[PDB]
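A closer look at the structure
One-letter residues, chain by chain:
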Amino acid sequence: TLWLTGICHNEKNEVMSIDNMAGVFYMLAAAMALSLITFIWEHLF
Amino acid sequence: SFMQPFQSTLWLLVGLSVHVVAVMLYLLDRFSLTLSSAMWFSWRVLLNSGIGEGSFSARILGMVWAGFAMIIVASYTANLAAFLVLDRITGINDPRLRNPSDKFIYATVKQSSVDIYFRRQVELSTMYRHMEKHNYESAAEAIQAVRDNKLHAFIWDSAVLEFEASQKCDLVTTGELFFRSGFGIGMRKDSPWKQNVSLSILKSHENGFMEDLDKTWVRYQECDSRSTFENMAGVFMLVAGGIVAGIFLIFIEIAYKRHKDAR
Amino acid sequence: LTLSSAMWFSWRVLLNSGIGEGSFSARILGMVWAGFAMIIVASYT
Amino acid sequence: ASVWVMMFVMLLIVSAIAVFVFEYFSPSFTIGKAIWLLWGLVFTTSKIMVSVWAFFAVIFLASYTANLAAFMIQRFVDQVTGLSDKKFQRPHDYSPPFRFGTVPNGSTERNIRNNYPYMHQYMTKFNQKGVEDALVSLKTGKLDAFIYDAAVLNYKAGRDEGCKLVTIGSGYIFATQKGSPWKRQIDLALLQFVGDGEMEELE
Amino acid sequence: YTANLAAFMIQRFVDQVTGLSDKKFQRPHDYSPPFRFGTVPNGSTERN
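Residues numbered from 1 in each chain as written, not as in the entry; some residues may be left out. Chains lettered and ligands numbered in written order. Part of a larger assembly, values for the part shown. Heavy atoms only, no water. Residues with missing side-chain atoms left out of burial classes, pairs and counts.

Observations regarding the environment of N99 of chain B
Spelled out, the test is: Secondary structure counts use DSSP, requiring at least four H or I residues in a row for a helix and at least two E residues in a row for a strand, with both numbered from the N terminus.
Relative to the assigned elements, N99 of chain B resides in the loop between α4 (95–98) and α5 (113–120). Along the sequence, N99 of chain B and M127 of chain B sit 28 residues apart, while their C-alpha atoms lie 8.2 Å from each other.

Some words on the UniProt feature "intramembrane region" in chain C
To keep things clear, this is the line we draw: UniProt positions are given in the numbering used here, feature names are shortened, and annotations may be inferred rather than shown by experiment.
Annotation from UniProt places "intramembrane region" at residues 5–15 of chain C. Split by type, residues 5–15 of chain C is 82% helix and 0% strand. Its first and last C-alpha atoms lie 15 Å apart.

Overview of the packing of helix α1 (residues 9–27) of chain B against helix α2 (residues 37–45) of chain B
Residue and element names in this part refer to chain B. Using the following cut-off: As a rule, the C-alpha atoms of each element are fitted with a line to give its axis, helices using only the stretch in contact, and angles between N-to-C directions run from 0 to 180 degrees. For classification purposes, an angle smaller than 35 degrees is called roughly parallel, one larger than 145 roughly antiparallel, one from 65 to 115 roughly perpendicular, and anything else oblique. Should the near helix be turned counterclockwise from the far one by less than a right angle, the crossing is left-handed, whereas a clockwise turn marks it as right-handed. Note on contacts: a residue pair is in contact if any heavy atoms of the two residues lie within 4.5 Å.
Axis separation between α1 and α2 bottoms out at 9 Å; the angle between their running directions is 135 degrees. Comparing their axes, α2 and α1 come out oblique. The interaxial crossing formed by α1 with α2 has right-handed handedness. In this structure, α1 contributes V18, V21, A22, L25 and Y26 to the contact, and α2 contributes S37, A38, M39, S42 and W43.

A look at unusual backbone geometry
Note the cis peptide between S95 of chain D and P96 of chain D, where omega equals 0 degrees. In this structure, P96 of chain D sits in the loop between α4 (86–89) and α5 (107–115). Cis geometry is found at the peptide bond from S32 of chain E to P33 of chain E, where omega equals 0 degrees. Along the chain, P33 of chain E turns up in the loop between α2 (23–26) and α3 (44–47). Of note in this structure, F179 of chain B is not a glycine but carries a positive phi near 55 degrees. By the element assignment, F179 of chain B lies in the loop between α8 (158–167) and α9 (194–206). At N16 of chain C, a position not held by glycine, the phi torsion is positive, near 55 degrees.

Okay, here's the thing in structure tokens:
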């Protein structure tokens, strides 16, 4: 108690502070592929 | 508060995504409206001025983009709540005073009883090279030292500091009452009138003459508690300049396109 | 407009399914009620 | 206050711009449709431009959701100021009449006999024998609050279960052998202990 | 789910180096830029 503590003893959950999570970078890879699902079905019947 | 804190590259990604929405809503019209329609549908749905209606798979993708728009609005409003609602010298127990630094120099006035309370205790040993090498002649010099931002904190009697904190917006009395003593009267030992004066002191405590000086000199003043903004004023400036530039381009573009149509 | 209209306008604006359009002072008061509805949504969220 | 006037000014600006933009769709009523659309968007060339301002209005909605989250979270209140209230002084002039007792033959009772014997005419209807009497009469609501040596109330106030039992203010204290040679010894010793803070260690 | 996503992205703290198990120490030139670690000479951990 005399000698140790500085500021890391009072660490306060150093999260992020804007954000760049992955998210939509997955989702866009679905969405255009959805057109690749659909617009090959040219109804030539 | 500020301008946009949200990583302006991300705002550019938002604008490019709006143009991707425009490209997707014009190129998929031809599978069964290609001039100025889907621009205003993109500014209808992506501004959420209209979320509703106006082949199948293109509109499936469009309402997926509307889902993106709602999630982005939710995330940015969550950040507006976060970065506005989310995240000092407390006393001798601080390492700023147990290990006193030169970025944190503190002082008093020499030949005072406060310096007596410093010099009595033992654990203030590192403090005496700040509290005896930097001192003043009046407490108003320490007040100005706060006001000139010379020294960061000061240690004085409670009542005057609470008064001056209730006066102006530079002062907060922090920490407990250090060295809890009483405020007495300088009386010689052979003075026979310690007696009836202290009886009058008992009367002052019992009949509230202490509370009478609390009314007549102590309890008068306060300050505010921070309770039409800088973000708002930035919105006024940006929206005003945008409306001026937009209107003064309306005349040019509509004049040239009306004379295109006159052809 | 006195049979079943303003019921569905109340469930259009107060459910915020449609905030938009559909004499003057009654509609001034109605958009004041829409302001109430938005403030109540903001307070509950 | 001042945000309101800014809103009036900006709505007048956008309404006049809408008037001229309807004047140049002339190659359907700013008295009608444009106003109620401004109302709907706070809460077709320039219509995308006004949907941009609707997006701004949503941003102002989000900013005052954050503001009202700052108001109603960052209320703490109290009821009794103290002897200045007529709660103590005129208890039967408020229904229900007020319920305060003390331990008999005390110092604060002498102080209120010095202050108000009529207050004692009320208090003697409610006097006690112990401090657990006060604990029950607060936890069962039989007596409203208490006037004592407020230090004991400061000990056992935090020692309450749940501590909804609020004492007088935030520490607002009211009532603010002869010839022994021990007196100098005791008082200089107490100067040493207060100068060393071992009373604070007992605290 | 605004309240839920406020519970997610506020209530992230992360780190990079696990320790000697990393090839950061063991293969520093097999990662660009090469890694930068020094010690006080003639120490106990240097013997280790």
